[PDB]
Number of protein chains: 2
Amino acid sequence: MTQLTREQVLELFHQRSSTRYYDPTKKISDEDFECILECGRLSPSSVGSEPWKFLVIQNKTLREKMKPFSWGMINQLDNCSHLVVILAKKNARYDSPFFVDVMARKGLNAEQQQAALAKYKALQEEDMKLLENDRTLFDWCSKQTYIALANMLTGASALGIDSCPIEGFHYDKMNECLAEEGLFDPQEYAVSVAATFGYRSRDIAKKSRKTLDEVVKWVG
Amino acid sequence: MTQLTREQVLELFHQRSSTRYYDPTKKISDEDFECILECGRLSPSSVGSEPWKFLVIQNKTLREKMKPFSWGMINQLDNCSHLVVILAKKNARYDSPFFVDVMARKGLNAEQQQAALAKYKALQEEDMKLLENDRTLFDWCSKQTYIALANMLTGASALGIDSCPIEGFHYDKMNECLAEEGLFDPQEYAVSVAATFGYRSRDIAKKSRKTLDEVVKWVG
Ligand SMILES: Cc1cc2nc3c(=O)[nH]c(=O)nc-3n(C[C@H](O)[C@H](O)[C@H](O)COP(=O)(O)O)c2cc1C
Ligand SMILES: Cc1cc2nc3c(=O)[nH]c(=O)nc-3n(C[C@H](O)[C@H](O)[C@H](O)COP(=O)(O)O)c2cc1C
């Protein structure tokens, strides 16, 4: 098993910073980048839903086409080693074909599936109130994809690989772009969040966070 | 700098599983659990919004009060060492006082603030269409808190401490419950997600995930 001291764990999450300036001469090995993607694939997700898809956008022409509506990463698109656009599943209702696969991956038998479907329905409809509209239910999947996002960042960091998480683009324009390019079915998926990966070309900014006393309330 | 091999990074995310059964005779040390909290505090977040608050629910009475509407952690409420209920910030509009503190942590002068506010309005109103209603704006904050959740699960795993993310509870009753105890302002925050921590009483269940070829689309 992988074990670290508190000092090592602190440094790992302290050393990961948002890299906005990448060295264009350095690329991540195929072995290293596969490892990053694995951090995403292995991430936990609510009821094992795994509602993500990781588009890896290495095509230079597609990257260029995104610049005019991707201000959050416009200078990173040229220089980063790798770009992942994470999609989230649309309409992941408890009764959709999508949850049939969720349960098959669990090896549920028919009676367990009936209980699981009741669980999912309760969670979605009553506990979490996700079935109000398409957007709330999509955002539930999206939340899960940010878990994958976070583990990919941390995993990149552990490998000595710099990253930047990315929201700064027009989402309608991004969805239209990528869907028009044939990269996903827009009725089935939509863009959730993005992230660049590479090796920094400039200095990383000092961490700036709220204090621990500001963000924690102990209820003893 | 903390550095891991590819194999160690994989094992970090294979060894972490959702712990349903905690040994009640085993407690996380105060130092270890502060380290876990630091993983969440140091997490990245969109425009550095850090829109989380971490409620550490150690009180036994209060844990017991939560049991009847928290089916997703019924046995865990009793046996786990530590419980965190993560809140996300409500109504985190670009022009809110919440964002006055966001810019202040970034040391922005007056000119930098008017540019940042213009960037925040663009992101919320046009790019991400977060201002449709209160819930879409909340769910944006909630997505950031799932990064902090992920990093606390991962940091715990590197310390050798087991965890389980928790959505399985009635959100309306839990909001009502924690607010009634006077633990947060329901008009400023709402419950996002929860997580248990401690030491597992059973061996790790093998991962079941979609394959890498199923979740990755390479666009060369
Ligand atoms: C956001 C979220 C909420 C979850 N809620 C619960 C819960 O309430 N009860 C539970 O036992 N597991 C919960 N889990 C754990 C998942 O069921 C689990 O991650 C999935 O089945 C994969 O198993 P693994 O994490 O052990 O690989 C949740 C996971 C996530 C990411
Ligand atoms: C979901 C999300 C989206 C982000 N989008 C952007 C982006 O579009 N452009 C950018 O340069 N930074 C982006 N960031 C990075 C944050 O601005 C950054 O994490 C924070 O301001 C500074 O902290 P750090 O360097 O400690 O990560 C984003 C971060 C997250 C979590």
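Every chain is numbered from 1, with letters handed out A, B, ... down the list of sequences. These numbers come from the heavy atoms of this one structure, side chains and all, not from hydrogens, waters or symmetry mates.
- When all heavy atoms of B:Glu167 and A:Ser46 are compared, the pair lying nearest together is OE1-OG, 2.8 Å.
- Heavy-atom proximity under 4.5 angstrom to chain B picks out A:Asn59, A:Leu62, A:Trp71 from residues 59-75 of chain A.
- At a 4.5 Å heavy-atom cutoff, the contact between A:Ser43 and chain B is made by backbone atoms alone.
- At most 12 heavy atoms of other shown residues, nucleotides or ligands fall within 6.0 angstrom of atom CG in A:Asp134.
- Heavy atoms of A:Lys207 lying under 4.5 Å from chain B belong exclusively to its side chain.
- Residue B:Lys210 places its NZ atom among more than 12 non-hydrogen atoms of other residues, nucleotides or ligands, all under 6.0 Å distant.
- Taking each heavy atom of A:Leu123 and B:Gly168 in turn, the nearest pair found is CD1-CA, 4.1 Å.
- With a threshold of 4.5 angstrom between heavy atoms, B:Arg41 approaches chain A through its backbone and through its side chain.
- In summary, B:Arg6 and A:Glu31 do not engage in a salt bridge, as defined by a charged side-chain N under 4.0 Å from a carboxylate O.
- Neither the backbone nor the side chain of A:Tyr120 comes within less than 4.5 Å of any heavy atom of chain B.
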Throw together a table of side-chain donor-acceptor distances under 3.5 angstrom for residues 157-165 of chain B, partners on residues two or more places apart or in other chains.
residue, atom, partner, partner atom, Å
B:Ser157, OG, B:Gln15, NE2, 3.1
B:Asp162, OD1, B:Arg200, NH1, 2.9
B:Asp162, OD2, B:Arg200, N, 2.7

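- A distance of 9.5 Å separates CE in A:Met1 from CG in B:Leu12, rounded to the nearest 0.5 Å.
- Taking CG of A:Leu212 as the start and CD of B:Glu34 as the end, the distance is 5.0 Å to the nearest 0.5 Å.
- For the options A:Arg16, A:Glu214, A:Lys173, heavy-atom pairs under 4.5 Å to chain B are most numerous at A:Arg16.
- Considering all non-hydrogen atoms of both residues, B:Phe13 and A:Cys39 come closest at CE1-SG, 3.4 Å.
- Within 6.0 Å of atom NZ in A:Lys27, more than 12 heavy atoms from other residues, nucleotides or ligands are found, so the atom counts as buried in its surroundings.
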- Task: Apply side chain to side chain contact (heavy atoms under 4.5 Å, CB included) to A:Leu10 and B:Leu42, showing your working.
- Result: CA-CA 9 Å; A:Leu10 262 206; B:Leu42 295 166; 4.1 Å; yes
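- Your options are A:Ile147, A:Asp101, A:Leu87, and the one with the most heavy-atom pairs under 4.5 Å with chain B is A:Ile147.
- Ranked by non-hydrogen atom pairs under 4.5 Å with chain B, the options A:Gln8, A:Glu132, A:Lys119 are led by A:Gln8.
- In terms of heavy-atom pairs under 4.5 Å with chain B, the best-connected choice from A:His14, A:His170, A:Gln3 is A:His170.
- Taking each heavy atom of A:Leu130 and B:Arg135 in turn, the nearest pair found is CD2-NH2, 3.7 Å.
- Interface residue A:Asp32: backbone and side-chain heavy atoms are both found under 4.5 Å from chain B.
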- Message: Let's go through A:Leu37 and B:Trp218 carefully: what are the C-alpha distance in whole Å and the side-chain angles of both, what is the deciding distance for side chain to side chain contact (heavy atoms under 4.5 Å, CB included) to 0.1 Å, and is it a yes or a no?
- Response: CA-CA 11 Å; A:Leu37 287 175; B:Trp218 203 276; 4.3 Å; yes
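- For chain B, the nearby part of A:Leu153 is the side chain; its heavy atoms alone come within less than 4.5 Å.
- Residues in residues 47-56 of chain B take part in these side chain to side chain donor-acceptor pair (under 3.5 Å) pairs, two or more places apart or across chains: B:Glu50-B:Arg105.
- Residues A:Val56 and B:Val216 have side chains in contact (heavy-atom distance under 4.5 Å, counting atoms from C-beta outward).
- Side-chain contact of B:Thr154 with A:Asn151: a donor-acceptor pair under 3.5 Å is present, judged by distance alone.
- In this structure, B:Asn109 places its CG atom where more than 12 heavy-atom neighbours from other residues, nucleotides or ligands lie under 6.0 Å away.
- When all heavy atoms of B:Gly155 and A:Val9 are compared, the closest pair comes out as CA-CG1, 4.0 Å.
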List the atom pairs, donor and acceptor, that lie under 3.5 Å between side-chain atoms in residues 174-186 of chain B and the rest of the protein, sequence neighbours left out.
residue, atom, partner, partner atom, Å
B:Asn175, OD1, B:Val191, N, 2.8
B:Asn175, ND2, B:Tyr171, O, 3.2
B:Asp185, OD1, B:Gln187, N, 2.9

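- For B:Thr5, the part lying near chain A is the backbone, with the side chain staying farther off; criterion is any non-hydrogen pair under 4.5 Å.
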- Please report the C-alpha distance between A:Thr2 and B:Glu11 in whole Å, then the side-chain angles of each, then the deciding distance to 0.1 Å, and finally whether the side-chain hydrogen bond (donor to acceptor under 3.5 Å, both in side chains) criterion is met. CA-CA 6 Å; A:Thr2 301; B:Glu11 181 57 10; over 6 Å; no
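- Of the atoms belonging to A:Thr211, it is backbone heavy atoms, and not side-chain ones, that fall under 4.5 Å from chain B.
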- Message: Before you tell me yes or no, could you show the steps for A:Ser208 and B:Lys106 under side-chain hydrogen bond (donor to acceptor under 3.5 Å, both in side chains), namely the whole-Å CA-CA distance, both residues' side-chain angles and the distance that decides it to 0.1 Å?
- Response: CA-CA 7 Å; A:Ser208 170; B:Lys106 291 182 179 291; over 6 Å; no
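- Ion pairing of B:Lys129 with A:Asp172 is present here, as a side-chain N (NZ or NE/NH1/NH2) and a carboxylate O approach within less than 4.0 Å.
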- Would A:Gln144 and B:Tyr146 count as a side chain to side chain contact (heavy atoms under 4.5 Å, CB included) if you check the C-alpha gap in whole Å, the side-chain angles of each, and the deciding distance to 0.1 Å? CA-CA 7 Å; A:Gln144 322 296 325; B:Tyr146 281 53; 3.8 Å; yes
- Check against side chain to side chain contact (heavy atoms under 4.5 Å, CB included), A:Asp127 and B:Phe169: CA-CA 6 Å; A:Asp127 286 326; B:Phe169 53 85; over 6 Å; no
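- Note: A:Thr136 leads A:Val47, A:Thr136, A:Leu149 in heavy-atom pairs under 4.5 Å with chain B.
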